[PDB]
Amino acid sequence: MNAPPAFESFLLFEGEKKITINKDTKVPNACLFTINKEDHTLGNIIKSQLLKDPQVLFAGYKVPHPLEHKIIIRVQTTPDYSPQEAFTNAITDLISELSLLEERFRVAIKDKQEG
Amino acid sequence: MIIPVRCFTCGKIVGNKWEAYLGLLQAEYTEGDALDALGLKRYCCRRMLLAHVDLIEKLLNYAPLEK
Amino acid sequence: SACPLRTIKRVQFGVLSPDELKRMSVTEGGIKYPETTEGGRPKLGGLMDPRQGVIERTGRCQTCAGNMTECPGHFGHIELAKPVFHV
Amino acid sequence: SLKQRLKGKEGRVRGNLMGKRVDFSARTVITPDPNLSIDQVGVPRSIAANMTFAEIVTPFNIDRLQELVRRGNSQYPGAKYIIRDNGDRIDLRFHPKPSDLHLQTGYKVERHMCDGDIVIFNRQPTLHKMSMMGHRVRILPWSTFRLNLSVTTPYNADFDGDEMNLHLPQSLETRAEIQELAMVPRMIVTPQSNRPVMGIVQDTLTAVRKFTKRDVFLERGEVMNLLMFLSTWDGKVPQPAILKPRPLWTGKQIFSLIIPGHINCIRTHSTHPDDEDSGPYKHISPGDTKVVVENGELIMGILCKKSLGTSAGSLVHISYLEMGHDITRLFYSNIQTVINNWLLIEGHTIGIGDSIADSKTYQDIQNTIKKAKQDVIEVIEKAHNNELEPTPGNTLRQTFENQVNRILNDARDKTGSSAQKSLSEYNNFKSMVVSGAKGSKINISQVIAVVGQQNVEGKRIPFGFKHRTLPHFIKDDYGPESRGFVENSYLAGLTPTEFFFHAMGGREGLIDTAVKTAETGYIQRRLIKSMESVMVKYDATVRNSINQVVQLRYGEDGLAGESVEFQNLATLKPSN
Amino acid sequence: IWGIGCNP
Amino acid sequence: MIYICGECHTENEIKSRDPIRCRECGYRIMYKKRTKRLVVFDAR
Amino acid sequence: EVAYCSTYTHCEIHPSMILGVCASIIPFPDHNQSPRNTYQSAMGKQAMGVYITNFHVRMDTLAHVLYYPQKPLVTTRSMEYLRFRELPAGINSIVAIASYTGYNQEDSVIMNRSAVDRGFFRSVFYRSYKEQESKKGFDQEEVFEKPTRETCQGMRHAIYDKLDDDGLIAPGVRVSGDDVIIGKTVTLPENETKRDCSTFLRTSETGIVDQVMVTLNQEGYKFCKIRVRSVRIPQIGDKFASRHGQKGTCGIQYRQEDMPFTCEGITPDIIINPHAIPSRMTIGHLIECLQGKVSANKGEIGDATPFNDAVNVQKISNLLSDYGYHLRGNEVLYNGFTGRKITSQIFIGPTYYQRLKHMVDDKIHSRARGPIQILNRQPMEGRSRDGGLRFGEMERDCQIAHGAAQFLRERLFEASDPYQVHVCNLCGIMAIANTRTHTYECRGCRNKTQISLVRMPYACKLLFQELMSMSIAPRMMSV
Amino acid sequence: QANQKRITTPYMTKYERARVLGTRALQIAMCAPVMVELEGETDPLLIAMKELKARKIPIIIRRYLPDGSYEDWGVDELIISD
Amino acid sequence: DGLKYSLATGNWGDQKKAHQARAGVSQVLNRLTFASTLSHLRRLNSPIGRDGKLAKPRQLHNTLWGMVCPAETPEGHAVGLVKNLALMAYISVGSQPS
Amino acid sequence: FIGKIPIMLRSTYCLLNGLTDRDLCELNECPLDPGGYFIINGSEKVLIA
Amino acid sequence: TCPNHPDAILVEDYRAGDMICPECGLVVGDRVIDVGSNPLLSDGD
Amino acid sequence: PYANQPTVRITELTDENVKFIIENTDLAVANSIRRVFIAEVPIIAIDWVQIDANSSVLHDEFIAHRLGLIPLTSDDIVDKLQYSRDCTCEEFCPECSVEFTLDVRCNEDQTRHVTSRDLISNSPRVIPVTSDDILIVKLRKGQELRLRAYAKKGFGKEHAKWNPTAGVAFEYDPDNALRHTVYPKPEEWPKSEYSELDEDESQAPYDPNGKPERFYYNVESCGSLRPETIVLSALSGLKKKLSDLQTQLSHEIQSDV
Amino acid sequence: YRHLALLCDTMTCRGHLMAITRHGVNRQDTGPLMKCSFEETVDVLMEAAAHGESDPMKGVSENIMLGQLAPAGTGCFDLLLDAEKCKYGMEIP
RNA sequence: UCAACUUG
Ligand SMILES: CO[C@@H]1[C@H](O)[C@H](n2cnc3c(=O)nc(N)[nH]c32)O[C@H]1COP(=O)(O)OP(=O)(O)OP(=O)(O)O
Ligand SMILES: [Mg+2]
Ligand SMILES: [Zn+2]
Ligand SMILES: [Zn+2]
Ligand SMILES: [Zn+2]
Ligand SMILES: [Zn+2]
Ligand SMILES: [Zn+2]
Ligand SMILES: [Zn+2]
């Protein structure tokens with residue numbers, strides 16, 4: 001009777017922002033990103049790619065509550081680098097990785113069939 | 001009451017296999033051999049066919065409410 | 001409503017005087033009729049007295065315009081022919 | 001009769017005056033929620049929508065209340081009613097004129113319960129003061145009240161169908177009373193035993209033991225994730241304990257960040273060897289016991305029930321005594337969150353592999369039972385020859401039962417000790433018993449080695465049939481099996497006669513529970529009624545309603561029970 | 001269920 | 001206002017304040033027929 | 001053998017026959033603690049399953065039938081005579097004894113939401129409402145018809161559109177809470193037209209009408225039974241219990257992606273806390289998981305008769321070792337969120353789990369300014385009557401201990417039964433007071449000037465009046 | 001009693017703090033003037049807490065000694081238990 | 001009417017006289033599950049009062065071996081006062097002694 | 001005629017006695033139903049020993 | 001009997017037990033449902 | 001600071017199974033791909049059922065549930081179809097849905113098995129994986145079931161009816177070498193099918209420098225999509241999710257500055 | 001020790017051992033309503049009425065029954081408004 | 001109003 005509708009998990013209700021960027025006052029060059037209507041899928045990839053970056057000092061993702069649908073990602077970068085820049089570059093790198101993976105999987109499919 | 005579509009744990013379609021399982025049992029296959037022949041490999045899928053109780057035949061015994 | 005609001009600072013317990021019971025009861029002459037219904041519904045001098053309390057959730061008792069909420073009810077008295085020990 | 005109405009329970013005197021059914025109260029099943037803080041409770045949306053707290057319209061809040069009025073009852077953050085200055089109530093559900101919706105100072109909008117509304121949470125029976133605590137409200141999208149797991153210990157509630165009652169204060173004055181007297185963080189320490197009521201429990205205790213071992217080393221990314229769930233983090237990553245070859249933090253290093261402020265505490269782990277303190281390696285403990293916290297940093301030690309549980313001198317108790325109630329609330333919540341997110345990496349389980357022991361241990365248990373049965377037989381043969389001499393103050397039957405019970409109990413304990421020796425470090429039964437989260441050494445012993453003697457009414461299983469316990473046994477059999485001794489363990493499986501005797505023992509347990517509930521309820525009520533009006537006056541004398549002086553100072557020293565702590569005088573014992 | 005000194 | 005009959009499964013129209021007896025069988029246990037309005041069922 | 005008795009006169013047919021009907025469904029009863037077998041005996045009575053094969057014909061109140069009952073994978077031989085195979089109550093579930101997210105702590109249970117979507121532990125709840133057209137009254141006739149607001153002086157604002165001409169809602173029509181299942185009208189004697197007498201759905205039923213029947217009852221009056229059907233997908237409050245006395249609610253529901261997964265891809269349908277097992281000492285649960293794994297792989301229903309001596313944990317473990325799994329039943333699990341192997345290996349195996357009748361939807365109640373009782377003018381009692389929860393005497397003692405005098409006052413006076421009375425100053429007895437007339441007078445004193453307003457609970461006014469009827473005078477004097 | 005010879009505790013009791021904060025907040029909700037400048041605080045209870053910190057709450061607590069006399073301690077005079 | 005009333009009400013006696021009537025007989029059959037139906041049919045009810053907390057009539061007795069289920073008893077205020085027959089137990093119908 | 005005696009279901013004097021399972025199905029009664037209960041005033045009542 | 005609405009039919013309510021003017025929503029009568037509470041055989045006895 | 005370049009080898013490719021090995025990839029990406037297989041690959045399945053007549057023993061909502069779980073062939077049309085929310089038309093149209101109709105009555109004495117073959121689709125591409133058959137319900141003589149149903153595009157995050165896969169097998173480090181799982185007794189544990197060790201050695205020697213890589217997959221399909229297409233669509237969908245994040249992030253970054 | 005000593009002091013305050021029962025508790029010279037709440041009820045009320053006893057209304061239970069604020073904590077004191085301080089300070093609204 | 005049956 002109080003059960004949330006299934007589509008609420010991935011559909012942004014009107015007036016909700018997919019990403020909100022709020023700086024962190026405690027430490028310099030640190031930003032706290034909030035992603036709405038997303039789950040561990042996106043968060044883990046973004047955190048891993050951020051950790052691979054040498055200029056990223058801190059990178060972690062947190063789901064504040066499993067019943068609610070939100071990811072909080074904290075990125076702290078060295079001076080001369082911006083947390084927002086690190087987030088964008090992480091997303092570009094992940095997209096490149098997935099595209100290369102798609103090409104190679106298509107080639108493997110074509111080779112396995114009739115070969 | 002009736003064989004469930006889509007074994008709960010994984011989701012393989014197991015609803016098309018109940019009559020084949022009964023027929024294989026009539027063919028004197030052991031239950032394990034019948035489950036192997038049907039393609040059910042993980043114990044989650046074999047649970048569905050092995051533990052199913054087909055009550056819908058007992059329900060069909062009763063005459064219809066409207067003819 | 002005009003009466004000032006006060007909080008009880010002492011409760012005095014005592015046996016009710018028969019004279020005080022006679023004066024206090026709204027019913028006069030006692031409950032003369034065992035039956036609760038006269039004129040169809042209300043029996044004056046009966047168990048269900050309009051003056052004693054509000055009835056039917058819409059009526060008003062004779063003594064005050066209770067409307068089933070304001071009226072706290074009002075006591076009645078039965079004058080026993082011969083005295084009886086209180087248990 | 002009038003006397004019948006007043007006299008009995010549920011009469012006007014007690015059932016309708018001392019206690020009565022109340023409005024603005026809700027009840028539903030309780031389920032766990034580790035993510036909620038100690039003070040927060042998760043309320044379903046429907047329960048929140050029905051219950052309304054009236055808000056007076058002020059110039060400050062007229063806009064917000066106007067939006068709530070516009071939303072109406074249908075939209076969740078809405079207002080069910082508007083109460084005008086005249087006292088007229090405009091139910092917004094049935095159509096109100098647009099003129100009526102307009103608000104002015106002095107109107108009272110009855111808004112739906114929202115996040116942050118203070119409520120009182122209760123679970124019957126309300127044995128003690130901690131059973132009614134004020135919780136902040138957090139609305140979550142399912143139909144069960146959700147409370148944090150640490151708060152379960154004060155309520156004596158587990159989530160196996162339990163239910164709790166939710167009372168919403170309806171005025172700012174009573175809301176402030178709850179906020180400043182009965183909130184959960186304020187009642188961490190009970191005045192009854194000057195100990196903390198609430199402690200880390202279940203998965204978090206079991207996992208804090210494993211997290212705080214010397215062995216645990218955390219790599220960079222795992223440290224990131226654990227620090228992400230720490231609410232009070234300064235934002236500075238601690239320098240890793242092992243910088244090279246690969247940067248690796250330690251469990252204690254991260255737990256030190258959880259510890260509030262600068263708290264100094266020395267406690268001992270459950271498995272602390274007694275000889276360690278006297279011998280060398282007293283400070284460099286070989287087993288990593290002797291928890292020591294200096295400057296709010298965990299220098300050494302393995303945390304357990306003793307350090308983080310509900311006992312005097314615990315880390316949580318020292319936190320409440322020293323840092324304050326708010327920082328202690330954050331401490332409880334942070335321990336739970338960080339350790340529970342580490343438990344995803346480490347994990348816990350209970351399997352048959354834990355119950356099974358080495359073959360040598362099974363042989364030793366069997367040999368102990370063999371020689372015990374022989375000893376009981378020798379005692380029986382002595383008794384039959386009348387060689388047995390009566391113990392002073394006891395009949396020969398009583399002294400025979402005493403000696404037989406002593407032999408059987410010694411065998412039972414020895415088999416239990418052998419089983420407990422067999423347990424490896426990885427054994428999960430041992431993890432839970434050592435951490436103190438659940439179980440006991442007795443349970444391990446019964447699982448692995450021997451269930452033990454079954455006793456009913458303080459004796460071995462009696463002769464229900466004529467001179468024999470069951471029809472299968474021979475008449476006048478006082479031997480071990482006949483009178484109830486269950487040689488097999490739970491894993492091995494009880495033989496049928498042992499199954500019946502075990503059922504008899506368990507039935508005695510159930511009956512005792514059922515009886516104790518009622519008798520204790522009566523005692524508690526009588527004590528409260530006798531001492532209900534006694535209080536500390538402004539003279540600080542303790543006086544009843546009659547103003548008779550029960551005590552000239554409370555406790556004879558005029559101090560409250562929660563502030564006091566156990567201490568040693570140190571002038572008393574030493575010689576001149 | 002343990003012993004005479006323990007629990008039933 | 002069409003009632004299916006339990007015994008013989010034959011629909012019989014019954015007016016208001018009319019005895020509940022099925023013609024052709026006499027049984028007194030009638031069932032109201034399924035409504036004409038249709039309900040959307042989510043497969044979920 | 002070594003001589004114990006050489007004069008046996010009778011022999012037991014089988015020791016497992018000492019157990020009753022409900023205790024016979026427990027697998028490996030001898031490996032459990034005794035109170036846990038006792039508790040399972042009680043929980044089995046409350047499980048959900050096809051109670052009888054003629055349930056479609058029957059119109060019973062509170063009938064629950066599970067969608068997909070399954071017979072146990074580990075079954076006692078004596079279950080066959082109880083017909084448990086024919087009419088099972090529960091579903092074999094892949095159960096992992098692990099601590100995953102802390103939502104399975106205490107006795108709660110983490111359930112797989114994808115499995116729930118695929119029909120796992122889904123049930124139907126049928127409720128039957130009976131109404132009788134009674135003409136016994138001298139001038140009162142409770143005719144079945146659709147009440148009309150204009151025609152009927154007594155009426156209610158709930159939805160009356162559902163009712164057909166006969167006053168009975170047709171089968172196949174959705175009924176939400178506070179809707180009129182049956183419409184009945186009592187003709188009103190014109191003492192000098194209609195007091196509504198419809199029956200209304202229990203709040204939050206939210207079901208679809210299944211069958212509507214019209215007959216003549218024993219008395220000969222027209223009798224109508226209406227059965228409403230509500231599907232019940234498991235939620236995060238419902239109570240699930242195994243056959244070994246382990247009962248618990250559903251802490252949270254994670255989708256198949258989120259649940260931990262073996263290397264084969266099997267994700268536990270139910271995750272139970274490891275902390276339940278040791279204190280309760282229900283080792284029968286663990287042995288049933290092992291035997292269920294062996295049975296599902298082998299294809300033969302396992303035997304769990306209480307006293308066998310041919311089935312040991314070691315033999316079961318060796319059998320499982322043959323089928324490619326760890327001999328003790330542990331399996332290497334991977335974390336669903338991150339993909340990393342869980343360091344400890346989790347014990348996963350199929351176990352017969354039951355669904356009990358207790359569900360959160362039936363047990364949720366909220367009260368705020370509802371109807372009050374007639375006698376005490378206090379809130380009603382019970383979920384059906386929208387009754388408020390009782391603030392017992394133990395609760396008031398706790399509040400006294402807190403020192404929250406004003407919360408105690410609100411809860412015991414202002415929330416429950418606020419009331420005002422007028423009391424004479426000269427004599428403590430209450431005085432007659434006409435607010436509309438604005439004349440306040442006290443009988444027995446002939447005094448009008450000295451009257452004071454007093455705020456007291458209505459129950460206290462009733463107490464004082466009952467004392468007055470016993471000739472005791474509770475003279476409440478403000479001075 | 002006289003202002004001199006006050007025997008009660010200088011520290012404000014927990015119950016006094018609860019009732020003073022609640023009562024002052026109820027007054028603030030009824031549009032009573034607020035002594036302390038509010039930094040965008042709309043909730044009446046929070047404003048009352050700020051006032052209590054500043055010791056500007058306009059309430060004098062009357063403590064009833066068991067002998068029947070009373071001592072009037074203003075909220076400012078009492079030391080906050082915090 | 002006498003037989004029907006005594007069955008329906010659950011009071012064993014006459015309508016006018018309830019002083020000697022024994023309540024608790026003739027309960028409604030539980031149909032939650034087939035196991036509940038069967039157990040309800042095979043049930044024994046000890047006459048000892050529930051209100052009395054004396055523990056002797058509640059404890060499992062050695063003579064209940066094979067006649068009454070050891071495990072199956074209600075937990076609460078009626079522990080050991082309501083019992084269920086074992087599977088093989090058969091209560092004697094009765095015979096003439098001639 | 002001296003009155004009516006309620007009949008326990010599936011006893012010797014009930015209609016269901018000695019009926020094949022198919023016939024029980026024809027009467028819309030379950031073959032697996034245990035019997036042993038009285039149907040008084042439309043509700044199944046069980047006499048607890 | 002809504003004071004601002006001469007001859008106004010007040011709709012009954014079950015949630016709070018009151019009659020409410022439908023065009024303005026005013027609650028006329030606060031808690032005036034409460035519970036709201038054989039004549040054939042013989043007569044008054 | 002750049003993405004690793006992954007590789008793929010497909011060991012087995014059948015009609016219902018794909019086994020592949022992803023190498024030179026992080027654990028997070030591999031587990032996310034596994035997750036997207038289960039919950040974010042779009043498929044067409046029945047979500048709307050209007051039942052005209054149901055004389056079967058199973059009630060109406062039972063039939064609707066069983067119908068929803070029936071897999072429907074969505075190999076190529078699922079990309080063309082739009083989500084019902086996206087489509088401009090009210091309720092359902094051929095662009096946003098596929099209409100299935102079922103009419104069966106049992107007039108023979110023998111029991112009639114209503115199967116998925118009796119479901120009839122207006123669109124040829126979407127068929128209930130028939131080209132035995134899934135048993136919807138069994139009908140006695142005189143019992144009739146007639147219903148009309150529409151099928152919508154969606155993914156498994158909404159409901160398990162849209163879950164393309166049967167079981168996704170994910171395994172890394174087959175011989176425990178990073179010691180991610182610490183076996184109490186190494187010898188008892190069965191060796192992995194992908195394990196490269198000899199029978200004598202239970203675990204590989206610990207490698208501190210090593211990190212998880214060379215992830216092993218085994219994706220099985222319900223027949224709704226080709227097993228190859230499940231993997232390709234999952235990779236494409238995860239790429240789309242990241243690109244949408246990048247667009248919204250660029251908007252927020254520009255707006256703040 | 002405070003909680004034990006308080007029970008012992010209440011039982012032995014009067015000089016005669018006061019059992020925590022209806023007899024011992026009700027015999028002490030408390031208010032008649034407070035005695036009424038514990039066990040005896042109606043009989044206590046009848047005796048009080050006969051002897052003309054007056055309830056001091058200083059007890060917690062007596063004030064709870066009549067709906068007045070209890071003399072317990074948060075009710076021991078009475079707050080008063082401070083006019084002079086109201087005049088002082090910045091009266092923003 | 002009474003009874004019984006459960007839930008802690
Ligand atoms: C732990 O104590 C609680 C409380 O004291 C409260 N309670 C319960 N029944 C009563 C009652 O009749 N009367 C009163 N006054 N209180 C009562 O319930 C007690 C325990 O009972 P249990 O022992 O069955 O709890 P499991 O150990 O059984 O918990 P599993 O593993 O099922 O979740
Ligand atoms: Mg519990
Ligand atoms: Zn499967
Ligand atoms: Zn009046
Ligand atoms: Zn007919
Ligand atoms: Zn007077
Ligand atoms: Zn109006
Ligand atoms: Zn369209």
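With respect to the overall build of chain M
Scanning chain M from N- to C-terminus turns up six helices and two strands. When its helices and strands are written in sequence order, chain M yields α-α-α-α-β-α-β-α. The C-alpha radius of gyration computed for chain M amounts to 20 Å, which surpasses the reference 12 Å derived for 93 residues by more than 25%, pointing to a less compact arrangement than a globule. Overall, chain M is about 60 × 40 × 20 Å in size when its C-alpha atoms are taken along their principal axes. Burial analysis of chain M (93 residues in total) assigns 54% to the buried set. The contacts in chain M between residues at least 6 apart in sequence include a share of 17% that link residues at least 24 apart. When the accessible surface of chain M is summed, it comes to about 4,200 Å², and 57% of that surface belongs to carbon and sulfur atoms. The averaged location of the 13 negative side-chain charges in chain M is 5 Å from the averaged location of its 8 positive side-chain charges.

Details of the pairing of strand β8 (residues 144–154) of chain L
All names here are of chain L. With nine of 11 residues buried, β8 lies mostly within the body of the structure. Where strand β4 (residues 98–105) meets β8, eight bridges bridge the pair, whose relative direction is antiparallel. For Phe100, the partnering residue across the bridge sits in β8 and is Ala149.

Points about the coordination of the magnesium ion (ligand 2)
Six octahedral donors around a metal ideally subtend angles of 90 or 180 degrees, whereas four tetrahedral donors ideally subtend 109.5 degrees. All names here are of chain D. Note on the magnesium ion (ligand 2): its protein donors are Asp158 (OD), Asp160 (OD) and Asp162 (OD). The metal-donor distances range over 2.0 to 2.4 Å. One chain supplies every donor to the magnesium ion (ligand 2), and in sequence these donors are spaced D-x1-D-x1-D. Here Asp158 and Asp160 have matching classes, each one buried.

Observations regarding the protein's contact with RNA strand N
Contacts to RNA strand N come from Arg123(D), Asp162(D), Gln46(G), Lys239(G), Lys247(G), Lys357(G), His358(G), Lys363(G), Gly24(I), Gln27(I) and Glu75(I). Considering the 4 Å shell around the protein, atoms of RNA strand N inside it are sugar or phosphate in 100% of instances. A distance of 2.7 Å separates a phosphate oxygen of RNA strand N from a polar atom in the side chain of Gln46(G). Of the residues assigned to the surface near RNA strand N, the class counts are no nonpolar, four polar and seven charged.

Re the interface of chain G and chain D
Chain G puts 118 residues into the contact, and the matching count from chain D is 118 residues. Between chain G and chain D lies a buried interface of about 10,100 Å² when both sides are counted; carbon and sulfur atoms form 59% of it. The largest per-residue losses of area from chain G upon contact with chain D belong to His275(G), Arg369(G) and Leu389(G), which jointly make up 8% of the total buried on that side. Our enumeration of links across chain G and chain D arrives at eight salt bridges. Note that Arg396(G) is salt-bridged to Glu532(D), the shortest N-O span being 3.7 Å. Where chain G meets chain D, there are 55 residue pairs in polar contact. Counted by class, the side of chain G that touches chain D contains 52 nonpolar, 41 polar and 25 charged residues. Here strand β2 (residues 25–32) of chain D runs beside strand β20 (residues 365–367) of chain G; their pairing, made up of three bridges, is antiparallel.

Some words on the sheet that holds strand β1 (residues 59–64) of chain H
The antiparallel open sheet is built from three strands, whose spatial order is β2(H)-β1(H)-β2(M). This sheet does not close on itself; its edge strands, each paired only once, are β2 (70–74) of chain H together with β2 (78–81) of chain M. Shown here is a sheet whose adjacent strand axes are inclined to one another by a mean of 30°, direction ignored. Inspection of the sheet shows β1(H) paired to β2(H) by five bridges, in the antiparallel sense. Looking at β2(H), one finds that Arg63(H) is bridged to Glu71(H). Here helix α1 (residues 14–29) of chain H sits on the sheet in contact with β1 of chain H together with β2 of chain M, set at roughly 145° to β1(H).

Remarks on the interface of chain A and chain G
In many reports, interface size means the accessible area that the parts give up when they come together. Contact with chain A, which involves nine residues of that partner, is made by 11 residues of chain G. Contact between chain A and chain G buries roughly 860 Å² in total, counting both sides, with carbon and sulfur atoms accounting for 57%. Together, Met1(A), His40(A) and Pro66(A) form the three largest contributors to the area buried by chain A at its contact with chain G, with a combined 52%. Inspection of the region where chain A meets chain G yields one salt bridge. For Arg255(G), the salt bridge is made with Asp39(A), and the minimal N-O distance between the two is 4.0 Å. At the boundary of chain A and chain G, one finds zero residue pairs in polar contact.

As for the pattern of salt bridges
Enumeration over the complete set of coordinates arrives at 116 salt bridges over all chains. When the shortest N-O distance is used, the salt bridge between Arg21(D) and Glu381(G) registers 3.8 Å. Of the two residues, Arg21(D) is situated in strand β1 (residues 20–21) and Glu381(G) in the loop between β20 and β21 (390–391); the pairing between them involves two chains. Residue classification places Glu381(G) among the partly exposed positions, given a relative accessible area of 47%. Within the structure, one salt-bridge network assembled from shared partners comprises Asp39(A), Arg255(G), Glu257(G), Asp258(G), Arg35(L) and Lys157(L).

Thoughts on the sheet that holds strand β4 (residues 52–56) of chain D
Residues and elements named next belong to chain D. Strand order across the open sheet formed by four strands is β4-β7-β5-β6, with antiparallel pairing between neighbours. Bordering the open sheet on either side are β4 and β6 (89–91), each of which pairs with just one other strand. Going across the sheet, the axis of each strand differs from the next one's by a mean of 25°, ignoring polarity. As paired elements, β4 and strand β7 (residues 108–112) share five bridges and run antiparallel to each other. Counted as the bridge partner of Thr52 is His112 from β7.

Things to note about the environment of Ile448(D)
Residues and elements named next belong to chain D. Following the sequence through the fold, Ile448 ends up in helix α18 (residues 441–448). Expressed as a C-alpha distance, the spacing of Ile448 and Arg84, which sit 364 residues apart in the sequence, is 72 Å. Apart from the residues within four sequence positions on either side, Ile448 is in contact with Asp354, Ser355, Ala357, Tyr362, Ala419, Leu423 and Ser489.

Some points on the packing of aromatic side chains
For the coordinates displayed, the defined rule picks out 47 aromatic pairs over all chains. Note on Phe10(A) and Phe155(L): the rings are 4.7 Å apart at their centroids and 70° apart in plane angle, and the pair reads as edge-to-face. One end of the pair, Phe10(A), is in the segment before β1 (19–23); the other, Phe155(L), is in the loop between β8 and β9 (165–171), on a second chain. As far as the burial class goes, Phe10(A) and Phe155(L) line up, both buried. When the ring of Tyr67(G) is compared with that of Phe62(L), the centres are 4.3 Å apart and the planes differ by 10°; the resulting orientation is stacked. With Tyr67(G) in the loop between β1 (63–66) and β2 (74–75) and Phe62(L) in helix α2 (residues 60–69), this pair bridges two chains. Neither residue differs from the other here; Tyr67(G) and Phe62(L) are each classed as buried. One aromatic cluster is present, formed by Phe105(A), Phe261(G), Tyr334(G), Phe20(L), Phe37(L), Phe170(L), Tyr172(L), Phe215(L) and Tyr217(L) through successive ring pairs. For the cation-ring pair, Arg483(D) lies above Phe463(D), with the distance from its terminal atom to the ring centre recorded as 4.5 Å. Note that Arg227(G) overlies the ring of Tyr126(G), its terminal NZ or CZ placed 5.0 Å from the centroid.

Overview of the side chain of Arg17(H)
Considering the arrangement of structural elements, one finds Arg17(H) in helix α1. Under the relative-accessibility criterion, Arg17(H) is labelled buried at 6%. Looking at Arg17(H), its side chain comes within polar contact range of the side chain of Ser81(H), at 3.3 Å. Residues contacting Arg17(H), with those up to four places away along its chain left out, are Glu180(D), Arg186(D), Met12(H), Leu52(H), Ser81(H) and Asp82(H).

A closer look at the coordination of the zinc ion (ligand 5)
Residues and elements named next belong to chain F. In the first shell of the zinc ion (ligand 5), the protein supplies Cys5 (SG), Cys8 (SG), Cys22 (SG) and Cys25 (SG), at 2.3 Å from the metal. One can describe the donor arrangement at the zinc ion (ligand 5) as tetrahedral, given that its four donor atoms subtend angles of 99 to 115° at the metal. Each donor residue of the zinc ion (ligand 5) lies on the same chain, and together they follow the pattern C-x2-C-x13-C-x2-C. Taken together, the residues span a long stretch of sequence, with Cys8 in the loop between β1 (2–5) and β2 (12–13) and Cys22 in the loop between β2 and β3 (30–32) at a distance of 14 residues. Taking relative accessible area as the criterion, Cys8 reaches 14% and is therefore assigned buried. When its relative accessible area of 3% is taken as the criterion, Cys22 is described as buried.

Criteria and cut-off values
- Residues numbered from 1 in each chain as written, not as in the entry; some residues may be left out.
- Chains lettered and ligands numbered in written order.
- Part of a larger assembly, values for the part shown.
- Heavy atoms only, no water.
- Helix = DSSP H or I, 4+ residues; strand = E, 2+ residues; numbered from the N terminus.
- Rg over C-alpha atoms; globule rule 2.2 N^0.38 Å.
- Buried < 20%, exposed > 50% of the residue type's maximum accessible area, 1.4 Å probe, protein only.
- Contact = heavy atoms within 4.5 Å.
- Areas by Shrake-Rupley, 256 points an atom, 1.4 Å probe, with all protein chains shown as cover.
- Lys, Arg positive; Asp, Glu negative; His and termini not counted.
- Charge placed at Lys NZ, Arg CZ, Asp CG, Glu CD.
- Pairing = 2+ DSSP bridges.
- Donors = N, O, S within 2.8 Å, 3.2 Å for Na, K, Ca; no water.
- Near = heavy atom within 4 Å.
- Polar contact = N/O pair within 3.5 Å; in protein donor to acceptor, adjacent residues only side chain to side chain.
- Nonpolar A, V, L, I, M, F, W, Y, C, P; charged D, E, K, R; others polar.
- Buried area = accessible area lost by both parts, 1.4 Å probe.
- Salt bridge = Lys/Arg side-chain N within 4 Å of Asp/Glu carboxyl O.
- Axes fitted to C-alpha atoms, helices over the stretch in contact; angles between N-to-C directions.
- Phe/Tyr/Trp six-rings, centres within 6.5 Å; stacked < 30°, edge-to-face > 60°.
- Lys NZ or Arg CZ within 6 Å of the ring centre and 35° of its normal.
- Tetrahedral: all angles 85-135°; square planar, octahedral: opposite > 155°, others 65-115°.

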